[PDB]
């Protein structure tokens, strides 16, 4: 029923969505552009509107992230609020996906590794990194 979603204000969500699709393996990408009619209403050209995003979404590791363009109204993305992806180390399907995702992302030039993804002394796995847009991601594997 009730669910929480981060809602990110990107400078350009069109670019950011292509980045997550390529670097993070993001799936189910949906993007609502500023319509040709809406261009005049917002105060932009036909081309500027085609590049702009009203509302968007993408799934990373089966979790949904919502986003929209800043339109010069939002603050720059920082690490004050990080996105933690929690998974059960005893759920093979998810555990393998997290493994594959990290394997594919760990060496990427856009990714800044804060804590390499690894098994922690008291249990589970924990990894921390920041992407080129400044989003801080934390991968948290727990034993339930």
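Residue numbers count along the first chain shown, from 1.
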item: Residue stretch of maximal mean CA temperature factor, 102-110 vs 32-40; value: 32-40
item: Between the two ranges 43-51 and 82-90, the one averaging a larger CA B factor in the entry; value: 43-51
item: Residue selected from 139, 8, 1, 4 by maximal Cα B factor; value: 1
item: Residue with maximal Cα B-factor (values as given in the PDB entry) among 133, 122, 20, 129; value: 122
